[PDB]
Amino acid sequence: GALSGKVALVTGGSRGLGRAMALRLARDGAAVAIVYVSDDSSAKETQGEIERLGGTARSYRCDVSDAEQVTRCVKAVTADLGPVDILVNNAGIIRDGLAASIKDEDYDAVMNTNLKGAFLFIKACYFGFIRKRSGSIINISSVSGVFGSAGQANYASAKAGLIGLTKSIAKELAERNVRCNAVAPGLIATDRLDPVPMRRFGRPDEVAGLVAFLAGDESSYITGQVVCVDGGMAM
């Protein structure tokens, strides 16, 4: 009871980090829309989880890369739970490999799911955010999006591009009191620690904590920021 029945849309909330985010957001009192590729099993399992502990949630199988199968999905969300106050872009495909083994298949998959998706969902929710004078957009940006990483040029470019998006949107909506920030997780279980000063993996609910903080009113004057959750990895 800290989100006050607001509506959160978590793309790629199917599983893992997104699942922790959806669970957390719901437990703070927000109706969560779970958008996914996706296996429907994990998604309705996530919703069943949110409901089991008394939270409001819905699921939406959507292609985040389609220019607006997204819009269909978004005003479906708006119809079902109401206008979006919180948008979490977590949809993303990983396809590693040296920049010379990288392929258009890999490249465009990664780029469309990790970067384009955010563009299209932000496009969909943009006039609502503005007409409301409130809003918190949270993009998932990888620590490899902050300082790069070998053999992940395609994923890392997508995540860095996501950070650029975050900044530009934040500047774009700042005067209409709509915030946009980025989250840069490091090494996270679940499914090496040398450059990680804390010498341990992170848990998803630790990332979920940061998403929840960025989504609430405690971060009302924070916008355009890139916050790592990496155990100090990319400090």
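Heads up: residue numbers just count along the shown sequence, starting at 1.
Per the record, residue 191 and residue 192 are separated by a gap of 10 or more residues from the deposited sequence that were not modelled.
Two stretches are in play, 172 to 180 and 44 to 52, and the higher mean C-alpha B-factor belongs to 44 to 52. Legend: mean Cα B-factor per stretch from the PDB entry, 84 to 92 versus 71 to 79; the higher mean is in 71 to 79. The residue among 203, 200, 61, 167 whose C-alpha atom has the highest B-factor in the PDB entry is 61. Sorting the modelled residues of the chain by their CA temperature factor places residue 147 in the lowest third. For residue 159, the recorded CA B-factor ranks within the lowest third of the chain. Only modelled residues enter the ranking. Sort the chain's modelled residues by C-alpha temperature factor and residue 11 lands in the middle third, per the entry.
When the modelled residues of the chain are ordered by C-alpha B-factor, residue 114 sits in the middle third. Residue 210 sits in the lowest third of its chain by CA B factor, as recorded in the PDB entry.
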